[PDB]
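The next block holds one structure in the form of structure tokens; read it before the comments.
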Amino acid sequence: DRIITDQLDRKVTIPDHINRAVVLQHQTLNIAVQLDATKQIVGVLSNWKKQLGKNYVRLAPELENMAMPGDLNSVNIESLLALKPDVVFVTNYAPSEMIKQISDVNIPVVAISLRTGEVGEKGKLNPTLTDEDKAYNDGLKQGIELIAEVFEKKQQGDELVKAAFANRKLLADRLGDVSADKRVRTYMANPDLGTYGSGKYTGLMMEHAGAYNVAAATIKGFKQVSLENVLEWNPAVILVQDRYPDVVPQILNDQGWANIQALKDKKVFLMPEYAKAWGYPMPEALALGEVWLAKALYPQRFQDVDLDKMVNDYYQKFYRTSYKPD
Ligand code: MOO
């Protein structure tokens with residue numbers, strides 16, 4: 001057996017090889033797909049299509065007939081035992097009762113947060129972080145490393161970490177003169193007036209591409225806000241996650257939103273599939289997503305940056321297919 005330390009700082013003993021993992025978190029699932037580890041998985045969170053988007057199955061068709069013995073915050077132990085799993089990956093904020101259900105039937109559990117940060121916050125859905133940039137940078141690298149070790153994908157893990165961060169220098173250099181008063185005020189609109197505030201990767205993706213998350217000063221993590229909040233914030237640009245494409249026509253056809261600066265300016269954009277401004281960092285969101293948003297908002301600073309090729313090279317390497325725009 002092997003002992004690892006997971007992202008809740010739990011020491012976990014696992015078999016020397018894993019071939020029957022159950023992955024109850026979409027972030028770790030997308031990593032495992034990019035580590036070419038799916039033949040070693042036999043169940044996944046039951047809300048995988050919602051959380052990954054309806055087109056995710058294109059990149060991992062093997063997910064379609066995958067068993068679903070739990071989701072992010074619940075598990076069905078009788079369904080889970082029939083799969084004969086050798087490990088379950090859970091999200092960092094999985095309730096203690098759920099982790100205990102799985103530990104009580106002697107199946108190892110590995111909690112993934114993709115964040116370091118303050119120890120007392122490691123289990124919290126919406127953390128308070130004194131250095132969120134460092135916590136998410138180091139946490140994405142530590143997380144990818146951990147998932148790759150469990151699946152014995154070390155070399156591809158190392159390549160995935162190096163790819164995630166390969167463009168950060170370009171953006172730091174090209175956008176280093178953007179002052180706080182000029183940074184582009186941007187808002188992430190999720191279904192049902194949901195947004196992300198502080199302690200999340202969303203605002204980091206915006207910062208690295210010369211923008212600022214208008215909600216992050218007053219909202220903590222992922223919350224439902226009111227229409228009045230968004231009118232007050234009056235963002236210049238509204239972004240929608242690719243997995244929730246219905247949110248764009250919703251906003252565009254909603255008279256209550258019409259006087260917001262982004263509406264008036266026709267700056268309501270569905271982000272690409274790779275450009276995940278999610279509450280958790282994903283390697284493609286750093287590598288490709290931040291470059292997309294930087295080019296969208298400062299096109300005249302990036303004309304030499306062939307993003308189509310960057311995206312193709314990345315997709316052929318980690319998803320073993322081309323990118324397909326929707
Ligand atoms: O799907 Mo998330 O919780 O926005 O990373």
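Order determines the names: the first chain of the structure tokens is A, the second B, and so forth; residues in each chain are numbered 1 upward, and ligands are numbered 1 upward as they are shown.
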Any idea what's packed within 6 Å of region 115-120 of chain A, counting only C-alpha atoms, ignoring anything in its chain fewer than 3 positions away? Could you give it as an MDAnalysis selection string? chainID A and resid 135:136 139
Output N, CA, C and O atoms for every residue in that selection, as a compact mmCIF listing (two decimals), in the first residue's frame.
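Done, and the output landed in part-v2.txt:
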```txt
# COMPACT_ATOMS: atom_id res chain seq x y z
N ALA A 135 -2.68 30.31 -2.87
CA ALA A 135 -3.39 29.15 -2.39
C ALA A 135 -3.88 28.39 -3.59
O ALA A 135 -3.81 27.15 -3.59
N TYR A 136 -4.51 29.08 -4.54
CA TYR A 136 -4.97 28.36 -5.76
C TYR A 136 -3.87 27.91 -6.73
O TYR A 136 -3.93 26.83 -7.40
N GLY A 139 -2.26 25.06 -4.96
CA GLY A 139 -3.28 24.00 -4.66
C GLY A 139 -3.60 23.24 -5.95
O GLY A 139 -3.83 21.99 -5.88
```
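Environment of ligand 1, defined as every protein or nucleic acid residue with an atom within 6 Å of it and counting only C-alpha atoms and all ligand atoms, comprises residues 278, 279 and 280 of chain A.
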Which residues, written as a list in words, have at least one atom at most 9 Å from residue 20 (chain A), with only C-alpha atoms counted and residues fewer than 2 positions away on the same chain left out? residues 18, 22, 39, 40, 41, 42, 43, 83, 84, 85, 86, 87 and 88 of chain A
Which polymer residues have any atom within 12 Å of an atom of residue 202 (chain A), counting only C-alpha atoms, with same-chain residues fewer than 6 positions away left out, as an NGL selection string? :A and (132-133 or 136 or 186-190 or 195-196 or 208-209 or 211-216 or 220-222 or 239-241 or 275-282 or 285-286 or 289-290 or 293)
Please write the residues from the selection above to a file, keeping C-alpha atoms, as a PDB file, in the first residue's frame.
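The resulting file, part-v5.pdb, is reproduced below:
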```
ATOM      1  CA  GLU A 132      -5.914  33.334  -2.720  1.00  0.00           C
ATOM      2  CA  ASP A 133      -3.563  33.642  -5.657  1.00  0.00           C
ATOM      3  CA  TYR A 136      -4.971  28.363  -5.759  1.00  0.00           C
ATOM      4  CA  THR A 186     -16.589  42.279 -14.918  1.00  0.00           C
ATOM      5  CA  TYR A 187     -19.383  40.126 -13.571  1.00  0.00           C
ATOM      6  CA  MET A 188     -19.892  36.390 -13.669  1.00  0.00           C
ATOM      7  CA  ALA A 189     -23.617  35.563 -14.147  1.00  0.00           C
ATOM      8  CA  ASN A 190     -24.554  31.976 -13.134  1.00  0.00           C
ATOM      9  CA  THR A 195     -22.382  34.723  -8.775  1.00  0.00           C
ATOM     10  CA  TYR A 196     -18.967  34.208  -7.212  1.00  0.00           C
ATOM     11  CA  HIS A 208      -4.684  37.827 -14.486  1.00  0.00           C
ATOM     12  CA  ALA A 209      -6.396  39.041 -17.656  1.00  0.00           C
ATOM     13  CA  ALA A 211     -10.051  42.686 -15.063  1.00  0.00           C
ATOM     14  CA  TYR A 212     -11.740  42.718 -11.726  1.00  0.00           C
ATOM     15  CA  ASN A 213     -14.672  40.747 -10.293  1.00  0.00           C
ATOM     16  CA  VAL A 214     -17.210  43.464  -9.206  1.00  0.00           C
ATOM     17  CA  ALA A 215     -18.914  41.048  -6.682  1.00  0.00           C
ATOM     18  CA  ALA A 216     -15.701  40.031  -4.823  1.00  0.00           C
ATOM     19  CA  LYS A 220     -18.178  35.684  -0.112  1.00  0.00           C
ATOM     20  CA  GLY A 221     -17.793  32.750  -2.478  1.00  0.00           C
ATOM     21  CA  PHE A 222     -20.674  31.354  -4.404  1.00  0.00           C
ATOM     22  CA  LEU A 239     -19.365  36.671 -18.551  1.00  0.00           C
ATOM     23  CA  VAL A 240     -21.294  33.429 -18.648  1.00  0.00           C
ATOM     24  CA  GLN A 241     -19.806  29.963 -18.115  1.00  0.00           C
ATOM     25  CA  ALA A 275     -12.137  29.163 -20.150  1.00  0.00           C
ATOM     26  CA  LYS A 276     -13.568  27.985 -16.859  1.00  0.00           C
ATOM     27  CA  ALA A 277     -14.073  30.927 -14.551  1.00  0.00           C
ATOM     28  CA  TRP A 278     -15.121  28.511 -11.947  1.00  0.00           C
ATOM     29  CA  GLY A 279     -14.815  28.706  -8.168  1.00  0.00           C
ATOM     30  CA  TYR A 280     -11.966  26.125  -8.506  1.00  0.00           C
ATOM     31  CA  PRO A 281      -8.906  26.519 -10.841  1.00  0.00           C
ATOM     32  CA  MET A 282      -8.549  24.045 -13.750  1.00  0.00           C
ATOM     33  CA  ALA A 285      -8.621  27.700 -17.484  1.00  0.00           C
ATOM     34  CA  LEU A 286      -5.130  29.085 -16.582  1.00  0.00           C
ATOM     35  CA  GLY A 289      -8.864  30.611 -20.500  1.00  0.00           C
ATOM     36  CA  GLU A 290      -6.891  33.564 -19.064  1.00  0.00           C
ATOM     37  CA  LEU A 293     -10.120  36.672 -21.680  1.00  0.00           C
TER      38      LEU A 293
END
```
Compile a residue-level contact table for region 138-233 of chain A against region 260-263 of chain A at a cut-off of 10 Å, reporting for every qualifying residue the shortest atom pair and its distance in Å to one decimal, with only C-alpha atoms counted, rows ordered by chain and ascending number, as CSV.
```
residue,atom,partner,partner_atom,distance
A:185,CA,A:262,CA,9.6
A:186,CA,A:262,CA,8.7
A:187,CA,A:262,CA,9.2
A:230,CA,A:260,CA,8.0
A:231,CA,A:260,CA,6.0
A:232,CA,A:260,CA,8.9
A:233,CA,A:260,CA,8.7
```
